[PDB]
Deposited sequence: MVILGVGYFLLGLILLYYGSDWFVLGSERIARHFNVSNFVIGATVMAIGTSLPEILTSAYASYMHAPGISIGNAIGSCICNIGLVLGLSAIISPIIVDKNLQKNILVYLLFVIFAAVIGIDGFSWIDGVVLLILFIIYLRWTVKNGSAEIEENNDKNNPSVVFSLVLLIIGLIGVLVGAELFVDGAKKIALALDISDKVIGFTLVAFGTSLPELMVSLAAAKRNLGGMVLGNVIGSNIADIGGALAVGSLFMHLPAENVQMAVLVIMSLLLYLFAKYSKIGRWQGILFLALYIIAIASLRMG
């Protein structure tokens, strides 16, 4: 079963690599079909589609009476998306944010701060209902300001096929990757549960990572930023929220503070500067410091 672990691992990588490119390409075409910006398609369809692991993991964990894992998943993924995911992408393809998208990032920051404040004492099921609703409002507000009201085609059909098959590719690939790695570690008897549930946020962050990198290579910085901003909101208003429904989630004040600081930096760079190499390097530096000092 060490061989079936290597098999899953490698093929999971292959599915993640090509699958992410198809998802990116299919999303880019869809955005042009619905006359919406790449940021919008990244903030909605791509963000939610790639946060399906987080939502399912947080829901399942809290249902299995592990609310620590549930919120850990969620917040940990947000920190990962800014520090690691956006950090790598910014360096690859620097982003100059237009004033319109700056408003969106400011709203994001407000949402994050609000989540941190109401979460000081933990997250009740009521907290989850509120966040989930703001999640919904955010999506509709984002789509409205990023769409243009104007107008069964083989260009449209091929676009949806690319996106859906691509999405299946990154979700399955990320699962095979995690499966394969864990069954390699079990056959080698180097299995570690504490390390395992430390990487829970990363395994679920695999789709965001590969998808953003794919978009970064094609200079789709708006799509990248949309995917990051939307995934975080999807992780909080979706994964965290659903987790709180099954069970009260314990306070993660240190992690929330880290996320707030990163989110604040993200807004400030977007408004007064750019999200380029040195902003990207800083994000990675902070992320590395984070995974070196935060409790496992």
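- Comparing the deposited sequence with the modelled residues shows gaps at 152 to 156, 302, with numbering starting at 1.
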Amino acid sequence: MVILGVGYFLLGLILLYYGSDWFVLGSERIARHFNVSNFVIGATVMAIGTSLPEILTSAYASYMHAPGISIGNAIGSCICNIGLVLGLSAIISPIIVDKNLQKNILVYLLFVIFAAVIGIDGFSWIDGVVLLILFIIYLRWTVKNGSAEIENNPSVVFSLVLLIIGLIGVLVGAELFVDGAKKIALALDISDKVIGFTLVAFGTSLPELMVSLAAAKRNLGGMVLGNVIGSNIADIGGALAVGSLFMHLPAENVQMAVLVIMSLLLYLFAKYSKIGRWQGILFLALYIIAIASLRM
From here on, numbers count along this sequence of modelled residues.
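C-alpha atoms forming the largest set that superposes within 1.5 Å between two forms make up the rigid core.
- Between 131 to 139 and 198 to 206, the larger root mean square Cα shift in 9 other deposited structures of this protein, once each structure is superposed on the rigid core, falls on 198 to 206.
- Gaps at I150 occur in at least a third of the other compared entries of the protein that contain both adjacent residues.
- Averaged over Cα atoms, the B-factor as recorded in the entry is higher for 184 to 192 than for the other of 184 to 192 and 88 to 96.
- Comparing 287 to 295 with 2 to 10, the higher mean C-alpha B-factor in the PDB entry belongs to 2 to 10.
- As recorded in the entry, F197 carries the highest CA temperature factor of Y108, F197, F135, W141.
- Based on the entry's C-alpha B-factors, the most elevated value among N81, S212, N145, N104 belongs to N145.
- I164: CA B factor in the highest third of modelled residues in this chain (values from the PDB entry).
- For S244, the recorded CA B-factor ranks within the middle third of the chain. Only modelled residues enter the ranking.
- Per the deposited record, the Cα B-factor of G72 falls in the lowest third when ranked against the other modelled residues of its chain.
- Annotation for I126: CA B-factor lies in the middle third of the chain's modelled residues.
- Per the PDB record, residue ranking by Cα B-factor puts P207 in the middle third of the chain.
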